[PDB]
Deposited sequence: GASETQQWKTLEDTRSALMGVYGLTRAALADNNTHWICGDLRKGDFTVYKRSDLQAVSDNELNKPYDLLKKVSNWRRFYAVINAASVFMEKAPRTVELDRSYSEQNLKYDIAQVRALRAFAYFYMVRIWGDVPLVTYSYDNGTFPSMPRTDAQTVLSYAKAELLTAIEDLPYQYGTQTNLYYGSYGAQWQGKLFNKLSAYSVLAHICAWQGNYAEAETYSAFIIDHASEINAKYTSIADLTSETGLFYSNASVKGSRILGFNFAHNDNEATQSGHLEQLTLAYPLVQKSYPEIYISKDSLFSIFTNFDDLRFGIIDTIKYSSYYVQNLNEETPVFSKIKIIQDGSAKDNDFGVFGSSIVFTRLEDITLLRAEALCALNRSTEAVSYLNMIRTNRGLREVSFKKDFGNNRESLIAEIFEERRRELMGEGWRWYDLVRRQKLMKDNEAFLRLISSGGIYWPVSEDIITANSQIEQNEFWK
């Protein structure tokens, strides 16, 4: 049973909240299933269950769909965080080695993780029960789903509170943080900018682009404080690059979760692993539609081996392998990368367009383009000063840059809200068909929980 007598007890509990958060995103490949596969750019080789996700046929009778649709793993994070906040303060009184500052740091992390879990689950299910206190395992509070706006307002306030105590970096050489400091914790612990990144995204998801722009700006302007940088194509895709836990560029994972679920389970095949075919892949037709310029470093120049590019291998075969993420110990070690500077920079561009400041958006778009072999663009010459044309292009840049990082589906929804170029998709948004069904196991056990109308 968890105790709170010593610094080792609080350390273990804190690491447990991180572990639970990783598990929520990684279980059944949730992050990629919900973020990349759903109406995504991946062709499915053979699995009808994966094909149902891709088609948004989330009521089909597949066990995968039922498992992903059960939100328990998110409430596991929320409850563990709530318990930590209730019980950890006592440790300061019990163990002289656990300082008030150590408590403030730990509380801020678990508070931010809880808020992240809420945001993440709101994007998936929409309305979810807003639980703000701990409860016993095997029970769940008897309450309805709470309006998504109310849940996000709670998440925003919690993140702003956490930011007051979250540092940029943890510990010093003279005052270690749980035995390590500075660079040792970069890309491992939730930092002040990690919290700002969640705020920026909550705001963008709500259409509050004024706030999204301010928060994205703050992140970009303070990136050096957490040692976050723009990543080269080689460092993004290397076996020891951004997706590797102990990468030299690890600080560039503004928010992520490391392993001591992986996209590679779905994407890799021979020769990278001994599996004959990939479960999902980007087809040649898709590649040539999405990547329009042969100078694009993501899908252009060879990456050493014959028939390769930086994102894709086996270009001589009918089902090329999406090899961007390839942290191979099969057994994989790839980190979940929720966000990084390129994401936040493109978010800022999106926000600036939303605010009718398209000329300013172009400079941010160009930052990403010019680090990927693409020429600079200009608003008049390349977009005819058309705000919607520029918005569409910012989303194509995200489509390219963040491929396989759990963004595409959410990006399609934010894009649709701005572009309004597909009435069928606008109806899917208004009708709730952009969310997952609630698991019938949850509804049976908790009578106040109502199914999403779209999936009844």
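**Student:** Write out the missing regions of the deposited sequence in sequence order, one range per stretch.
**Tutor:** Unmodelled stretches, in sequence order: 1-4, 265-273, 343-351.
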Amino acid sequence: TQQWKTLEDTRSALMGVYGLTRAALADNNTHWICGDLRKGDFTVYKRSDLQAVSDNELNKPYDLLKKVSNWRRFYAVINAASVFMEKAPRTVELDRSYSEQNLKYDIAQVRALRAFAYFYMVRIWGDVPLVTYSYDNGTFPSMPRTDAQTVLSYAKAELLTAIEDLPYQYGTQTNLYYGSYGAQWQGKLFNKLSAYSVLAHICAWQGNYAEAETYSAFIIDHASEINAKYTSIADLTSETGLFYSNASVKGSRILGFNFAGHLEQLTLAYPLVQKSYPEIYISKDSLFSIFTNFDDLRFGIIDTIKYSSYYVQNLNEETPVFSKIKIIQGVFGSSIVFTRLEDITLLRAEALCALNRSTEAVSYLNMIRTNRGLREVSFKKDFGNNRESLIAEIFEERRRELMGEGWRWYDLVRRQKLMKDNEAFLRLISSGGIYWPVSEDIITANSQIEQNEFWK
From here on, numbers count along this sequence of modelled residues.
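**Student:** Going by the B-factors listed in the PDB entry, is the mean over the C-alpha atoms higher for 118-126 or for 168-176?
**Tutor:** Per the deposited B-factors, the answer is 168-176.
**Student:** Would 64-72 or 391-399 have the larger average of its C-alpha temperature factors, as given in the entry?
**Tutor:** Looking at the record's C-alpha B-factors, the answer is 64-72.
**Student:** When the CA B-factors of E350, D343, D296, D285 are compared as recorded in the entry, which is the largest?
**Tutor:** Spelled out: the listed residue with the top C-alpha B-factor is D285.
**Student:** Among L315, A200, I220, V83, where is the Cα temperature factor highest, going by the PDB entry?
**Tutor:** Most elevated C-alpha B-factor of the set, per the entry: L315.
**Student:** If you rank the chain by CA B-factor, which third does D95 end up in: lowest, middle or highest?
**Tutor:** According to the entry, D95 has a C-alpha B-factor in the chain's highest third.
**Student:** Taking the values exactly as deposited, rank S430 by C-alpha B-factor within its chain and report the matching third: lowest, middle or highest.
**Tutor:** CA B-factor rank for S430: highest third.
**Student:** Against its chain's modelled residues, does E211's Cα B factor rank lowest, middle or highest third?
**Tutor:** Middle third of the chain for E211's C-alpha B-factor.
**Student:** Could you place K156 in the lowest, middle or highest third of its chain by Cα temperature factor, using the values in the record?
**Tutor:** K156: CA B-factor falls in the lowest third of its chain.
**Student:** Among the modelled residues of its chain, does the C-alpha B-factor of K306 lie in the lowest, middle or highest third?
**Tutor:** Top third by C-alpha B-factor.
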